[PDB]
Each structure stands twice: as structure tokens, then as C-alpha cells.
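All residue numbers for the sequence shown refer to PDB author numbering, where the first residue is 2 and numbers rise by one. All C-beta atoms, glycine included, are put in the ideal place defined by N, C-alpha and C.
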Amino acid sequence: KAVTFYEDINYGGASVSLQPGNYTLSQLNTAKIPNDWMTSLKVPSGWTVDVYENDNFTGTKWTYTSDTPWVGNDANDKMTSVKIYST
Ligand SMILES: [Ca+2]
Ligand SMILES: [Ca+2]
């Protein structure tokens, strides 16, 4: 089980899976996840994903605790850093 971030709505386009952790922008990029690119994501039930507008877990924070086929226009293409918890 893991969190999978997708480039497009409805889990379309490019996708990358990550385990729990605290990922900065440069770390996402290394994982092949570009800046301001996340549109949808699958989340293991019970897990928590805190998506941040800016790098180093700052800026606006959006939280997801389940598969989300459309993060919506407000959070769309804004992820720069993210914290994933298996709780
Ligand atoms: Ca996108
Ligand atoms: Ca951003």
C-alpha cells in the first residue's frame, strides 16, 4: 500500500507512488513529481496526506484521507511539498 499522486483528474496522466514521509520540493522532483502538478491522488484508508502550497511544508495546507479523483481548482496544481502519514 502507498499514496499515488496523479498528473490528471480521475487518476489520469503520469503517476508516482510514495510511502509515508515528509517530502520537500527537491525530493518530489527526484521522485519524478514536478512542482504544481498534482491533480488527483489515491490514499490508503486510514492514511493522512497533508499537501502544502509551498516548499518545506508551509503555505496553505490541504488534507486528504481517501481516494480523491479531483482535488478541485483551489488545490489543483499547487503541491510543492507534502507529508504522508500511515495514520
Ligand atoms: Ca495537473
Ligand atoms: Ca506551489
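Rounded straight-line distance, which links the Cα of residue j to that of residue i
i	j	result
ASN30	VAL50	18 Å
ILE34	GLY47	23 Å
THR59	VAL83	10 Å
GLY73	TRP63	11 Å
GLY13	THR69	12 Å
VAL52	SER18	15 Å
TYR7	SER16	4 Å
Three-state secondary structure (DSSP) of residue i
i	result
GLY22	strand
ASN11	helix
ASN55	strand
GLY73	helix
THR5	strand
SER87	coil
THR66	coil
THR31	helix
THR40	coil
Beta-carbon proximity of residue i to residue j, cut-off 9 Å
i	j	result
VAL4	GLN28	no
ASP75	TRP38	no
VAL44	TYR65	yes
Own chain partners of residue i with C-beta closer than 7 Å, once the 5 adjacent residues on each side are dropped
i	result
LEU26	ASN36, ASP56, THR81 and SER82
Same chain only: Cβ atoms within 6 Å of residue i, ignoring 5 sequence neighbours per side
i	result
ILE10	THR40, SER41 and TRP71
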